[PDB]
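The structure appears below as structure tokens.
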Amino acid sequence: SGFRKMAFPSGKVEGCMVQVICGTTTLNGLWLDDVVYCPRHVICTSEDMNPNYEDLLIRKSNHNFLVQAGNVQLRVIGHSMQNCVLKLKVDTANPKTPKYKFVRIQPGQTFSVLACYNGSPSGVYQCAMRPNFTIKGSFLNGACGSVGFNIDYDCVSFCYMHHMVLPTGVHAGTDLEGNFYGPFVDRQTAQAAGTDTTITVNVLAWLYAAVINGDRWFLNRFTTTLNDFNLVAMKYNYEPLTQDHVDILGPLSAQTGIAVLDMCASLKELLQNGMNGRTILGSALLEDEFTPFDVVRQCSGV
Amino acid sequence: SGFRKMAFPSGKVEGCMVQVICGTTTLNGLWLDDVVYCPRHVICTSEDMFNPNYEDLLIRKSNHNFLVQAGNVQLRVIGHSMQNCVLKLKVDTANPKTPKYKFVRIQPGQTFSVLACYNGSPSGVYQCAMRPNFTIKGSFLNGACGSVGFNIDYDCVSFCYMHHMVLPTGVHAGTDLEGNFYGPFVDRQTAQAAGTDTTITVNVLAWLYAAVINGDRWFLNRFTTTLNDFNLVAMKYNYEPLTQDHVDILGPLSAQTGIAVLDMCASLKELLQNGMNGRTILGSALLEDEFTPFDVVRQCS
Ligand SMILES: *C(=N)[C@H](C[C@@H]1CCNC1=O)NC(=O)[C@@H]1[C@@H]2[C@H](CN1C(=O)[C@@H](NC(=O)C(F)(F)F)C(C)(C)C)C2(C)C
Ligand SMILES: *C(=N)[C@H](C[C@@H]1CCNC1=O)NC(=O)[C@@H]1[C@@H]2[C@H](CN1C(=O)[C@@H](NC(=O)C(F)(F)F)C(C)(C)C)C2(C)C
Ligand SMILES: [Br-]
Ligand SMILES: [Br-]
Ligand SMILES: [Br-]
């Protein structure tokens, strides 16, 4: 009953967040086993932009880094730069390290963000990797080091670490190996995201969520082909729908008795006519940050 | 940068969630120190749907009818009492991860984070508002009862909600942690209806301030108005009346934007009487009312 933008429980990640201080710069780190992962621009100041990280790191020693888990100080015994993240080796292993893995998500996938400041968790919310490799998050100054994650069984899959905000108000970051999502660099210079698109497979998953919860006015008796659908979808800046996407919506087709191409034809008419002052799941816009798997998980058993 | 529906970190509450089994019925409980709190209808079955005599059913139940499971460790019940619609199960083991907490009764218009759980395992977290009709617009499946809503005020977890039922319109109802329902609802399967809901005016205003802080300012005009004149219009659109308390609580956001509260009221009045001009505010084509002034301040610090 009901459908909400839902984040994963953040407990397993809260126990890994620490404060990383280097000189006057403070951000968050991720403490897993005896390593703290954090954005490399912690070694910079307003002075340090060409943010030539190589030089800045060379002049640093281990005592220049203060890692704080709450009030307990963790001693740094090593420091290394892997792409855009800094790996600080510490003498103490995190006793709350969950079973984890580092994954690189694809555009269209969703994840939970634990927004932190000064190593202290502030809030949790759900995001999606946009097609242009940005995310529409909520981050303030000092938020860098906050991570995005999924919980798969008992395993925390870390997929995002926050680095910067672009002039359009969207956010950009890396995986836990320091590799940015999208064509961005961790330097304050003129950078742009690129035209974003609507995640079509997710809109369809959300329309299936609407049917499961009673909203079914947008359903029509028409059907269509994938190519005919994609021809219309291109015009409205929608991502093209693939046969993989059709198969992943199968569970929702099974739960509703509505064929995917029948839902595609219902989506086609909504795009060309609008909602006529009506709402879908209490929204006057089409929502695209629910994957089919999110919908299946949330509507399980209805 | 950006504005999202943001829940509190749920870690402190995840460590209090347990499974309560009574016969064939399984739901969630809240384990604080040596007491487990759960909805009393865990002692019922489909048979008891007609005249559910909880007093009777509970006395007919003993301690061995309750199986409490914290992960794999079973907690033995050594006492049980019924406070209104919640059951207090005395257990032999105290939760070593019990946070500093208090039980509070929230007011309509206030928000809280919900930790949705099933079989004692936390599944997801999201933010909710206590609607003016004392329902909440949540997402719960079978077995979700016992899930709790909470706020974190400094170092204290303030528990304010325990989930009990879904109403025919798809909205949800529950009690505070003292067993007293929010709204005119009872914990039995009988004909119940929520009642006409209204829009939380002070929250819409706080959300308009959040949009201005984040760059959205097309709805800003040079107009202003009075409290009474605004309320005369808002009443027509099924908006809750704005009080001077609400005007004072929007003060922090007026300070952050330099926009007087009554000027933002005049912007909302125009939005109500003219529409949103096919435009969006913070990515919404409707006015949002589930962000309190505190939620915005905390997120936009
Ligand atoms: C991490 N602590 C912050 C997070 C930012 C601050 C405001 N909200 C956020 O999401 N990240 C930064 O300050 C990074 C950091 C230097 C500059 N920077 C930026 O986000 C800047 N933006 C850009 O350079 C742009 F637009 F190109 F993306 C800033 C102008 C400060 C907003 C580094 C190393 C990239
Ligand atoms: C707790 N585990 C469930 C949660 C429900 C199930 C589906 N989604 C939810 O939020 N609560 C219940 O099953 C409660 C429980 C008996 C009946 N009930 C209901 O929610 C029923 N609704 C009503 O009686 C109504 F409409 F009046 F609110 C039901 C018909 C099963 C949906 C008790 C003791 C209230
Ligand atoms: Br939502
Ligand atoms: Br404008
Ligand atoms: Br007046």
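Numbering of ligands and ligand atoms starts at 1, following listing order. So you know, we letter chains A, B, ... as the sequences are listed, proteins then strands, and number each from 1. Computed from heavy atoms alone, side chains included, the values below leave out hydrogens, waters and symmetry copies.
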Between [X] and [Y] (judged by ring centroids, cut-off 6.0 Å), do the two rings come close enough to count as a pair?
X: B:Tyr37; Y: B:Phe159; answer: no
X: B:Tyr126; Y: A:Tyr125; answer: no
X: B:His164; Y: B:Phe185; answer: no

Exercise. Specify whether B:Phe66 and B:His80 have parallel, tilted or perpendicular ring planes, treating 30° as the upper limit for parallel and 60° as the lower limit for perpendicular.
Key: tilted
Quiz item: Parallel, tilted or perpendicular for A:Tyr160 and A:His162, by the 30°/60° rule?
Solution: tilted
For ligand 1, which atoms sit closer than 4.0 Å to a heavy atom of [X]?
X: A:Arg187; result: 24 (O), 35 (C)
X: A:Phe139; result: 8 (N), 10 (O)
X: A:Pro167; result: 26 (F)

Can [X] and [Y] be counted as having a side-chain donor-acceptor contact under 3.5 angstrom?
X: A:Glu289; Y: A:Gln126; value: no
X: B:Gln299; Y: A:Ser138; value: yes
X: A:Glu287; Y: A:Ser283; value: no
X: B:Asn203; Y: B:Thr292; value: no
X: A:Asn132; Y: A:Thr134; value: yes

Quiz item: Who's closest to atom 25 (C) of ligand 1 heavy-atom-wise, of A:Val165, A:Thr168, A:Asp186?
Solution: A:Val165
Quiz prompt | Spacing of A:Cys299 atom SG and A:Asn213 atom CG [to the nearest 0.5 Å] | solution = 5.5 Å
Quiz item: What distance separates A:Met161 CE from A:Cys144 SG, expressed to the nearest 0.5 Å?
Solution: 9.5 Å
Exercise. Using a strict cut-off of less than 4.0 Å between a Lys/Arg side-chain nitrogen and an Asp/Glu carboxylate oxygen, indicate whether A:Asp288 and A:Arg130 qualify as a salt bridge.
Key: yes
What are the atoms of ligand 2, with element, lying closer than 4.0 Å to any heavy atom of [X]?
X: B:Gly143; result: 2 (N)
X: A:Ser1; result: 7 (C), 8 (N), 9 (C), 10 (O)
X: B:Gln192; result: 27 (F)
X: B:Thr190; result: 24 (O), 27 (F)

Quiz item: Looking at ligand 1, does A:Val185 have a heavy atom less than 4.0 Å from it?
Solution: no
Quiz item: So is A:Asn141 in contact with ligand 1, going by heavy-atom distances below 4.0 Å?
Solution: yes
Exercise. Under 4.0 Å, heavy atoms only, figure out whether ligand 2 is touched by the backbone of B:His172, its side chain, both or neither.
Key: side chain
Quiz item: Hey, is B:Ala144 touching ligand 2 through its side chain, its backbone, both or neither, going by heavy atoms under 4.0 Å?
Solution: backbone
Self-check item: atom 19 (C) of ligand 2 [closest protein heavy-atom partner, distance rounded to 0.1 Å]
Solution: B:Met165 CB, 3.8 Å
Exercise. For atom 31 (C) of ligand 1, grab the closest protein heavy atom and report residue, atom and distance to one decimal in Å.
Key: A:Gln188 OE1, 3.9 Å
Self-check item: B:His163 touching ligand 2 at heavy-atom level, < 4.0 angstrom
Solution: yes
Quiz item: Mind checking whether B:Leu167 has a heavy atom under 4.0 Å from ligand 2?
Solution: yes
Exercise. Please confirm whether A:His163 comes within less than 3.5 Å of ligand 1 when only nitrogen or oxygen atoms on both sides are compared.
Key: yes
Practice problem: Answer yes or no: does an N/O atom from A:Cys144 fall short of 3.5 Å to an N/O atom of ligand 1? | Solution: yes
So which bit of [X] gets within less than 4.0 Å of ligand 1, heavy atoms only: side chain, backbone, both or neither?
X: A:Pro51; value: neither
X: A:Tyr53; value: side chain
X: A:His41; value: side chain

Practice problem: Could you tell me whether atom 13 (O) of ligand 1 has at least one protein heavy atom nearer than 4.0 Å? | Solution: no
Self-check item: Sub-4.0 Å protein heavy atom next to atom 22 (N) of ligand 2
Solution: yes
